[PDB]
């Protein structure tokens, strides 16, 4: 019937030789009825004492741990899964359950001898068998089956370029844009194509109907969403509850715009046990309530229409927080999202926004096979200035400035040349200015930034600063506007305050 896939054991390894655990006469009974029905259907066949391999059977379950450890590797079952926002709308979508998946697919003739197992006798031998098909629980079954499935489908597919089929382990999602009756016709046409291969499917009235809850999503043929999340109404929250809450809040962000978890997240600081109860902060309940609210109103993701453009829009939600949404028709979201990723202890919004663009870009190629046109709250001048002067290579695709505050800008800029008539501070924790002044006021690296801070404090609106620290130099030259370190942030505060600042390094 269906082509056989050549299997082999890993190199320099012999088949399994594991002893059958002792069995109940009651259990021996049942296995023999089960293994007799199976030999009549060809799935297995009695073998002689020629075969020295054996796998454990219990009550019918065959333990293939050993054989699996010894079987070769196969190509990756379901590398990744599609994201609902990358689907094209359908009038009808039918899910086809496939029972006896493995049992209708033949096993490499030269491999069967390794699938041998034994049914113990009740009276002081026990029957010996081997598989002629793909055994449930075997390493390669899932793959050999996906692959096989694919082959069977190909035809049907070439004769119905309209229908779209997605294979998901044992399910089969079949959509189209056929008039209601027509769709059902094709579906039943498919069901037979699978029958001509001993593959069985559910009858129209036994089939699950839209929406389909999939991997945390709720799917219709025309619009999508994630399966309804309910926010608890406790008065006592455990570290665990908060983790799960944040977890779920998170998952929703891909479609529910406005979800925030910062305040809830802050609750895990210093916790000492998963069962520790943390009381909610004023800001934390305000956040929960806001979410609980946003959630109350269901929102539906819309599917992809390839004849139209992909628009990506990004907004700054807070310090280090970004939100974006991708759509084709205004506010008609295919998908939304957040980005909090801080790469490096220090950064500026310009760098961060760029990283957001990149994540979004990557994601898009994966979901739609192309990049979106971006709408960004930064002007080309601002962008260009930073790009033009940053040591790292970077690139941002087609983007259009959007006047949607907050706009990202550079809070400060280091003079490219020393300043005339601006005092000069020499720092190494203390300074010595050229005008006589001085102050000799922690990790090595943190003592360095301390100096610089001092100098900034005591200086006027213009300053020239010389330091030997290549570190601080690096830091400040990258013109961060936000930092994990408090010191820095104070320095940054200073920086923004000045009129002109020139920093220089000396050995």
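Residue numbers count along the first chain shown, from 1.
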**Prompt:** Are any deposited residues left out of the model between residue 441 and residue 442, and how many (none, 1 to 3, 4 to 9, 10 or more)?
**Reply:** 4 to 9
**Request:** Using what the record says, work out whether there is a hole in the model between residue 124 and residue 125 and how many deposited residues it spans (none, 1 to 3, 4 to 9, 10 or more).
**Result:** 1 to 3
**Item:** Mean C-alpha B-factor comparison - 362-370 and 170-178, higher one
**Value:** 170-178
**Asked** Between 28-36 and 442-450, which has the larger average Cα B-factor in the PDB entry?
**Response** 442-450
**Request:** Name the one of 268, 231, 356, 85 with the greatest CA B-factor according to the PDB entry.
**Result:** 231
**Complete:** From 460, 42, 480, 48, the top C-alpha temperature factor is at 48
**Prompt:** According to the PDB entry, is the CA B factor of residue 261 in the bottom, middle or top third of its chain, that is, lowest, middle or highest?
**Reply:** middle
**Fill in**
On the chain's distribution of Cα B-factors, residue 7 falls within the third called lowest
**Record-listed C-alpha B factor of residue 214: chain third** = highest
**Fill in**
On the chain's distribution of Cα B-factors, residue 222 falls within the third called middle
**Message:** Going by the CA temperature factor in the PDB record, which third of the chain does residue 399 belong to: lowest, middle or highest?
**Reply:** middle
